[PDB]
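Following: one structure in structure tokens, then a few remarks.
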Amino acid sequence: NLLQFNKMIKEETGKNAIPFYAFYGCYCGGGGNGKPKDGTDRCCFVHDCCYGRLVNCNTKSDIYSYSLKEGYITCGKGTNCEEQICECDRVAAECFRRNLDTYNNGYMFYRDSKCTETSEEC
């Protein structure tokens, strides 16, 4: 579920999905395309790529079991889809945390028209 991933994003970055990630560079938020704007944007790109591999799962709705001991995100048991989605989510949540040092405010709400590049392959 997007609310869980959004939870992780906050638990890892101390920031909030919306706005900080709702729309960033060209991949955060609603799909997107072109070429990643930067580290953080690269994270959303990969995440978008992750969900894609799971064509048969309501990546945004399906709720999954996960924990959070000492900042380490655990994915409980569930269904291929629930487990998979969890696994896409935490790698991102962590990816964002690993890029905090170069987050660019200017890329927040970065227009997708400016994303005039050859879409990166997954």
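By convention in this document, the chains of the structure tokens carry letters A, B, ... by their order, each chain's residues are numbered from 1, and ligands are numbered from 1 in the order they are shown.
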Can you tell me, as an NGL selection string, what residues are no more than 7 Å from range 88-101 of chain A when counting only C-alpha atoms, ignoring any on the same chain fewer than 5 positions away? :A and (5 or 8-9 or 12-13 or 39-40 or 43-44 or 47 or 50-51 or 73)
Give me the residues within 12 Å of range 110-115 of chain A as a PDB file with C-alpha atoms, in the first residue's frame, counting only C-alpha atoms and dropping any in the same chain fewer than 6 places off.
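The file below, selection.pdb, is the result:
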```pdb
ATOM      1  CA  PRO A  19       5.359  16.993  -0.809  1.00  0.00           C
ATOM      2  CA  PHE A  20       9.031  15.978  -0.550  1.00  0.00           C
ATOM      3  CA  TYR A  21       8.531  12.932  -2.753  1.00  0.00           C
ATOM      4  CA  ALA A  22       4.992  13.106  -4.128  1.00  0.00           C
ATOM      5  CA  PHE A  23       6.531  14.740  -7.202  1.00  0.00           C
ATOM      6  CA  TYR A  24      10.293  15.009  -7.636  1.00  0.00           C
ATOM      7  CA  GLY A  25      12.538  14.977 -10.663  1.00  0.00           C
ATOM      8  CA  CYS A  26      10.787  12.955 -13.327  1.00  0.00           C
ATOM      9  CA  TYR A  27       9.971   9.630 -11.703  1.00  0.00           C
ATOM     10  CA  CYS A  28       8.746  10.208  -8.187  1.00  0.00           C
ATOM     11  CA  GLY A  29       4.966  10.127  -7.987  1.00  0.00           C
ATOM     12  CA  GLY A  30       2.653   9.139 -10.841  1.00  0.00           C
ATOM     13  CA  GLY A  31       4.853   6.963 -13.012  1.00  0.00           C
ATOM     14  CA  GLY A  32       6.918   9.379 -15.094  1.00  0.00           C
ATOM     15  CA  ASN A  33       9.519   9.153 -17.852  1.00  0.00           C
ATOM     16  CA  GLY A  34      12.677  10.467 -19.472  1.00  0.00           C
ATOM     17  CA  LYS A  35      15.963  10.311 -17.573  1.00  0.00           C
ATOM     18  CA  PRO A  36      16.318  10.472 -13.753  1.00  0.00           C
ATOM     19  CA  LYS A  37      17.071  13.975 -12.517  1.00  0.00           C
ATOM     20  CA  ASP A  38      19.394  12.832  -9.718  1.00  0.00           C
ATOM     21  CA  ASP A  41      14.977  10.681  -8.642  1.00  0.00           C
ATOM     22  CA  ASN A 104      17.301  19.230  -4.364  1.00  0.00           C
TER      23      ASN A 104
END
```
request  = Write out as JSON, numbers by chain the residues lying within 8 Å of range 55-61 of chain A, counting only C-alpha atoms and excluding same-chain residues fewer than 6 positions away.
outcome  = {"A": [1, 2, 81, 82, 85]}
Now that the selection is made, can you save its residues with C-alpha atoms as a PDB file, in the first residue's frame?
```pdb
ATOM      1  CA  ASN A   1       0.000   0.000   0.000  1.00  0.00           C
ATOM      2  CA  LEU A   2       1.203   3.502  -0.847  1.00  0.00           C
ATOM      3  CA  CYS A  81       2.507  -9.628  -4.547  1.00  0.00           C
ATOM      4  CA  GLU A  82       2.424  -8.387  -0.963  1.00  0.00           C
ATOM      5  CA  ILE A  85       5.649  -4.816  -3.156  1.00  0.00           C
TER       6      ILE A  85
END
```
Name the residues of chain A that fall into strand (DSSP E or B) according to DSSP on the backbone, using the chain letters and numbers of this document, as a short mmCIF file (atom, residue, chain, number, x, y, z; two decimals) with N, CA, C and O atoms, in the first residue's frame.
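states.cif, written as the output of this step:
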```cif
data_model
loop_
_atom_site.label_atom_id
_atom_site.label_comp_id
_atom_site.auth_asym_id
_atom_site.auth_seq_id
_atom_site.Cartn_x
_atom_site.Cartn_y
_atom_site.Cartn_z
N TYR A 24 8.89 14.61 -7.69
CA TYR A 24 10.29 15.01 -7.64
C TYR A 24 10.91 14.59 -8.95
O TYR A 24 10.50 13.59 -9.54
N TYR A 66 5.07 -5.43 7.48
CA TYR A 66 6.45 -5.00 7.54
C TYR A 66 6.70 -4.50 8.93
O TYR A 66 5.76 -4.20 9.65
N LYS A 69 12.67 -2.32 13.07
CA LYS A 69 13.53 -2.33 14.24
C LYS A 69 14.81 -1.60 13.86
O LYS A 69 15.31 -1.75 12.75
N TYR A 72 15.81 -0.68 10.44
CA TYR A 72 15.88 -1.71 9.40
C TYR A 72 14.50 -2.25 9.11
O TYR A 72 13.84 -2.81 9.99
N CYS A 75 10.19 -7.24 5.94
CA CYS A 75 8.96 -7.55 5.25
C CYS A 75 8.48 -8.92 5.75
O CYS A 75 9.18 -9.92 5.64
N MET A 108 11.67 19.55 -6.51
CA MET A 108 10.37 19.27 -5.95
C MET A 108 9.38 19.94 -6.91
O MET A 108 9.60 21.07 -7.36
#
```
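Nearest to residue 120 in chain A of all the residues A:46, A:3, A:79, A:10 is A:46, based on only C-alpha atoms.
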